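What's in protein_1.pdb: PDB, C-alpha atoms (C1' of nucleotides)
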```pdb
ATOM      1  CA  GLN Y 174     151.062 -15.254 223.260  1.00  0.00           C
ATOM      2  CA  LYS Y 175     150.974 -11.779 224.851  1.00  0.00           C
ATOM      3  CA  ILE Y 176     149.663 -11.831 228.435  1.00  0.00           C
ATOM      4  CA  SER Y 177     147.172  -9.086 229.384  1.00  0.00           C
ATOM      5  CA  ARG Y 178     149.051  -6.368 231.316  1.00  0.00           C
ATOM      6  CA  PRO Y 179     148.910  -2.551 231.611  1.00  0.00           C
ATOM      7  CA  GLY Y 180     151.804  -0.614 230.039  1.00  0.00           C
ATOM      8  CA  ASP Y 181     152.514  -3.682 227.836  1.00  0.00           C
ATOM      9  CA  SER Y 182     149.386  -4.868 225.981  1.00  0.00           C
ATOM     10  CA  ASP Y 183     148.356  -3.013 222.808  1.00  0.00           C
ATOM     11  CA  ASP Y 184     145.261  -1.642 224.587  1.00  0.00           C
ATOM     12  CA  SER Y 185     147.307   0.092 227.321  1.00  0.00           C
ATOM     13  CA  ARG Y 186     150.445   1.618 225.710  1.00  0.00           C
ATOM     14  CA  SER Y 187     149.534   2.314 222.063  1.00  0.00           C
ATOM     15  CA  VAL Y 188     146.022   3.810 222.357  1.00  0.00           C
ATOM     16  CA  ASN Y 189     145.595   7.337 220.940  1.00  0.00           C
ATOM     17  CA  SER Y 190     141.932   7.167 219.771  1.00  0.00           C
ATOM     18  CA  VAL Y 191     143.173   6.796 216.154  1.00  0.00           C
ATOM     19  CA  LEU Y 192     143.088   3.696 213.923  1.00  0.00           C
ATOM     20  CA  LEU Y 193     144.404   2.501 210.554  1.00  0.00           C
ATOM     21  CA  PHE Y 194     142.082   0.582 208.192  1.00  0.00           C
ATOM     22  CA  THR Y 195     143.567  -1.862 205.654  1.00  0.00           C
ATOM     23  CA  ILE Y 196     141.336  -3.134 202.832  1.00  0.00           C
ATOM     24  CA  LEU Y 197     142.129  -6.671 201.622  1.00  0.00           C
ATOM     25  CA  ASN Y 198     139.876  -6.785 198.534  1.00  0.00           C
ATOM     26  CA  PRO Y 199     139.289  -3.273 197.079  1.00  0.00           C
ATOM     27  CA  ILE Y 200     137.101  -4.645 194.235  1.00  0.00           C
ATOM     28  CA  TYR Y 201     134.889  -1.587 194.943  1.00  0.00           C
ATOM     29  CA  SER Y 202     135.323   2.159 195.520  1.00  0.00           C
ATOM     30  CA  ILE Y 203     135.700   2.663 199.287  1.00  0.00           C
ATOM     31  CA  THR Y 204     134.152   5.846 200.745  1.00  0.00           C
ATOM     32  CA  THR Y 205     133.999   7.706 204.073  1.00  0.00           C
ATOM     33  CA  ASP Y 206     130.259   6.932 204.209  1.00  0.00           C
ATOM     34  CA  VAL Y 207     130.572   3.134 204.329  1.00  0.00           C
ATOM     35  CA  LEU Y 208     133.475   3.387 206.785  1.00  0.00           C
ATOM     36  CA  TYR Y 209     131.301   5.644 208.952  1.00  0.00           C
ATOM     37  CA  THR Y 210     128.359   3.237 208.650  1.00  0.00           C
ATOM     38  CA  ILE Y 211     130.471   0.500 210.297  1.00  0.00           C
ATOM     39  CA  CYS Y 212     132.389   2.815 212.693  1.00  0.00           C
ATOM     40  CA  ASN Y 213     129.420   4.864 213.990  1.00  0.00           C
ATOM     41  CA  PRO Y 214     127.787   1.958 215.930  1.00  0.00           C
ATOM     42  CA  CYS Y 215     131.213   1.461 217.579  1.00  0.00           C
ATOM     43  CA  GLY Y 216     131.235   5.078 218.843  1.00  0.00           C
ATOM     44  CA  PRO Y 217     130.947   8.754 217.805  1.00  0.00           C
ATOM     45  CA  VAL Y 218     133.398   9.081 214.895  1.00  0.00           C
ATOM     46  CA  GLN Y 219     135.166  12.449 214.562  1.00  0.00           C
ATOM     47  CA  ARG Y 220     137.210  12.141 211.321  1.00  0.00           C
ATOM     48  CA  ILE Y 221     137.757   9.780 208.354  1.00  0.00           C
ATOM     49  CA  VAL Y 222     140.221   9.864 205.419  1.00  0.00           C
ATOM     50  CA  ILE Y 223     141.216   7.494 202.575  1.00  0.00           C
ATOM     51  CA  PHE Y 224     144.468   6.993 200.623  1.00  0.00           C
ATOM     52  CA  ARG Y 225     145.938   4.880 197.798  1.00  0.00           C
ATOM     53  CA  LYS Y 226     149.676   5.696 198.104  1.00  0.00           C
ATOM     54  CA  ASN Y 227     150.886   2.101 198.739  1.00  0.00           C
ATOM     55  CA  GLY Y 228     147.679   0.107 198.153  1.00  0.00           C
ATOM     56  CA  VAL Y 229     144.212   0.877 199.545  1.00  0.00           C
ATOM     57  CA  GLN Y 230     143.781   2.181 203.092  1.00  0.00           C
ATOM     58  CA  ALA Y 231     141.641   4.444 205.268  1.00  0.00           C
ATOM     59  CA  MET Y 232     141.905   6.139 208.679  1.00  0.00           C
ATOM     60  CA  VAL Y 233     139.465   6.834 211.525  1.00  0.00           C
ATOM     61  CA  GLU Y 234     139.511   8.992 214.670  1.00  0.00           C
ATOM     62  CA  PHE Y 235     137.280   8.638 217.746  1.00  0.00           C
ATOM     63  CA  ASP Y 236     135.958  10.924 220.500  1.00  0.00           C
ATOM     64  CA  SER Y 237     137.349   8.450 223.077  1.00  0.00           C
ATOM     65  CA  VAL Y 238     139.812   5.582 223.553  1.00  0.00           C
ATOM     66  CA  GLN Y 239     136.971   3.263 224.595  1.00  0.00           C
ATOM     67  CA  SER Y 240     135.275   3.761 221.214  1.00  0.00           C
ATOM     68  CA  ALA Y 241     138.530   2.989 219.383  1.00  0.00           C
ATOM     69  CA  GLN Y 242     139.131  -0.178 221.449  1.00  0.00           C
ATOM     70  CA  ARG Y 243     135.773  -1.794 220.594  1.00  0.00           C
ATOM     71  CA  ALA Y 244     135.984  -0.576 216.978  1.00  0.00           C
ATOM     72  CA  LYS Y 245     139.448  -2.145 216.531  1.00  0.00           C
ATOM     73  CA  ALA Y 246     138.254  -5.328 218.287  1.00  0.00           C
ATOM     74  CA  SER Y 247     134.939  -5.702 216.381  1.00  0.00           C
ATOM     75  CA  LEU Y 248     135.552  -4.328 212.860  1.00  0.00           C
ATOM     76  CA  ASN Y 249     138.867  -6.191 212.466  1.00  0.00           C
ATOM     77  CA  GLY Y 250     138.526  -9.098 210.005  1.00  0.00           C
ATOM     78  CA  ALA Y 251     135.015  -7.805 209.185  1.00  0.00           C
ATOM     79  CA  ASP Y 252     133.814  -7.014 205.640  1.00  0.00           C
ATOM     80  CA  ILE Y 253     132.156  -3.910 204.151  1.00  0.00           C
ATOM     81  CA  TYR Y 254     130.522  -5.915 201.332  1.00  0.00           C
ATOM     82  CA  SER Y 255     129.706  -8.993 203.454  1.00  0.00           C
ATOM     83  CA  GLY Y 256     131.823 -11.064 201.041  1.00  0.00           C
ATOM     84  CA  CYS Y 257     134.603  -8.683 199.890  1.00  0.00           C
ATOM     85  CA  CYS Y 258     136.363  -5.473 201.019  1.00  0.00           C
ATOM     86  CA  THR Y 259     137.705  -7.279 204.110  1.00  0.00           C
ATOM     87  CA  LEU Y 260     139.354  -5.208 206.860  1.00  0.00           C
ATOM     88  CA  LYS Y 261     142.350  -5.173 209.197  1.00  0.00           C
ATOM     89  CA  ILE Y 262     142.725  -2.641 212.019  1.00  0.00           C
ATOM     90  CA  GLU Y 263     145.437  -1.443 214.411  1.00  0.00           C
ATOM     91  CA  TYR Y 264     146.472   1.655 216.376  1.00  0.00           C
ATOM     92  CA  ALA Y 265     147.887   4.556 214.357  1.00  0.00           C
ATOM     93  CA  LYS Y 266     151.036   6.552 215.246  1.00  0.00           C
ATOM     94  CA  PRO Y 267     149.886  10.123 214.283  1.00  0.00           C
ATOM     95  CA  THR Y 268     147.256  11.875 216.445  1.00  0.00           C
ATOM     96  CA  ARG Y 269     145.517  14.589 214.370  1.00  0.00           C
ATOM     97  CA  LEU Y 270     144.525  15.277 210.738  1.00  0.00           C
ATOM     98  CA  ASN Y 271     144.713  18.584 208.853  1.00  0.00           C
ATOM     99  CA  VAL Y 272     141.478  18.076 206.863  1.00  0.00           C
ATOM    100  CA  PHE Y 273     140.643  20.712 204.224  1.00  0.00           C
ATOM    101  CA  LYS Y 274     137.328  19.589 202.650  1.00  0.00           C
ATOM    102  CA  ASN Y 275     134.564  16.954 202.648  1.00  0.00           C
ATOM    103  CA  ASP Y 276     134.006  14.449 199.796  1.00  0.00           C
ATOM    104  CA  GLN Y 277     133.814  10.673 199.150  1.00  0.00           C
ATOM    105  CA  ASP Y 278     137.452  10.155 200.315  1.00  0.00           C
ATOM    106  CA  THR Y 279     137.840  12.784 203.069  1.00  0.00           C
ATOM    107  CA  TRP Y 280     135.492  13.972 205.811  1.00  0.00           C
ATOM    108  CA  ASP Y 281     135.232  15.601 209.235  1.00  0.00           C
ATOM    109  CA  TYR Y 282     132.307  14.657 211.497  1.00  0.00           C
ATOM    110  CA  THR Y 283     132.466  17.696 213.815  1.00  0.00           C
ATOM    111  CA  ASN Y 284     133.728  20.656 211.739  1.00  0.00           C
ATOM    112  CA  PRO Y 285     130.873  21.907 209.484  1.00  0.00           C
ATOM    113  CA  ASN Y 286     133.091  24.548 207.816  1.00  0.00           C
ATOM    114  CA  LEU Y 287     134.829  21.966 205.584  1.00  0.00           C
ATOM    115  CA  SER Y 288     131.539  21.069 203.836  1.00  0.00           C
ATOM    116  CA  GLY Y 289     131.762  24.161 201.582  1.00  0.00           C
ATOM    117  CA  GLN Y 290     135.459  23.617 200.740  1.00  0.00           C
ATOM    118  CA  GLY Y 291     134.642  20.743 198.331  1.00  0.00           C
TER     119      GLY Y 291
ATOM    120  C1'   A O   1     148.598  -1.226 202.952  1.00  0.00           C
ATOM    121  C1'   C O   2     150.227   4.686 208.973  1.00  0.00           C
ATOM    122  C1'   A O   3     146.440  10.316 208.218  1.00  0.00           C
ATOM    123  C1'   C O   4     148.244  14.820 205.756  1.00  0.00           C
ATOM    124  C1'   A O   5     143.874  12.149 201.600  1.00  0.00           C
ATOM    125  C1'   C O   6     143.800  18.614 196.750  1.00  0.00           C
TER     126        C O   6
END
```

Represent the structure contained in this file as structure tokens.
Amino acid sequence: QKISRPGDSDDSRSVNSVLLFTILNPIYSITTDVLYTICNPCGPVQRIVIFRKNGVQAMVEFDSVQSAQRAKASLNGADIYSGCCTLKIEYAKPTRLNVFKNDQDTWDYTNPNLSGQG
RNA sequence: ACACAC
């Protein structure tokens, strides 16, 4: 088991305020709204995106590392449906999106100019 | 199941 230490534990050498969201049971259409509904109480979300390239996944970005730490520690193993759409969460390696519009699979919670690009 | 989701 990993001992808690700075510069070694996941929470002290891999934190970039960005997280990856893996869906275990995509029996329903996942959207940026439901991901925001569970991520917003964990902190002020800034961006959300969804992709299907290798399965079913989503991404989230926070205004602070502290919001990403409690989101990754509370929403992990949680479910969107309260019976299905189970989650897994970990720190992401990229650090910024290049969002171009807002819709059910892509969104930006601070740039209003992408709302008309739908 | 790691953003570039058209």

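Neighbouring residues of residue Y:188 at 9 Å or closer, counting all atoms listed in the file and skipping chain neighbours under 3 positions away, are residues 183, 184, 185, 191, 192, 238, 241, 242, 264 and 265 of chain Y.
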
Quick one: which residues end up in the PyMOL selection byres ((chain Y) within 7 of (chain O)) for this structure, as an mmCIF file with C-alpha atoms, keeping the file's coordinate frame?
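result-v4.cif, written as the output of this step:
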```cif
data_model
loop_
_atom_site.group_PDB
_atom_site.id
_atom_site.type_symbol
_atom_site.label_atom_id
_atom_site.label_comp_id
_atom_site.auth_asym_id
_atom_site.auth_seq_id
_atom_site.Cartn_x
_atom_site.Cartn_y
_atom_site.Cartn_z
ATOM 1 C CA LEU Y 193 144.404 2.501 210.554
ATOM 2 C CA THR Y 195 143.567 -1.862 205.654
ATOM 3 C CA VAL Y 222 140.221 9.864 205.419
ATOM 4 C CA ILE Y 223 141.216 7.494 202.575
ATOM 5 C CA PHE Y 224 144.468 6.993 200.623
ATOM 6 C CA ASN Y 227 150.886 2.101 198.739
ATOM 7 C CA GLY Y 228 147.679 0.107 198.153
ATOM 8 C CA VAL Y 229 144.212 0.877 199.545
ATOM 9 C CA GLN Y 230 143.781 2.181 203.092
ATOM 10 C CA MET Y 232 141.905 6.139 208.679
ATOM 11 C CA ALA Y 265 147.887 4.556 214.357
ATOM 12 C CA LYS Y 266 151.036 6.552 215.246
ATOM 13 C CA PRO Y 267 149.886 10.123 214.283
ATOM 14 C CA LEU Y 270 144.525 15.277 210.738
ATOM 15 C CA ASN Y 271 144.713 18.584 208.853
ATOM 16 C CA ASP Y 278 137.452 10.155 200.315
ATOM 17 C CA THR Y 279 137.840 12.784 203.069
#
```

Q) Quick one: which residues end up in the PyMOL selection byres ((chain Y and resi 258) around 10) for this structure, as a count of residues only? A) 19

Q: Go through Y:290, Y:190, Y:213, Y:275 and flag the residue nearest residue Y:263, using all atoms listed in the file for the distances.
A: Y:190

Q.
Would you compute the distance between atom CA of residue Y:272 and atom CA of residue Y:216? Give it in Å to one decimal.
A. 20.4 Å
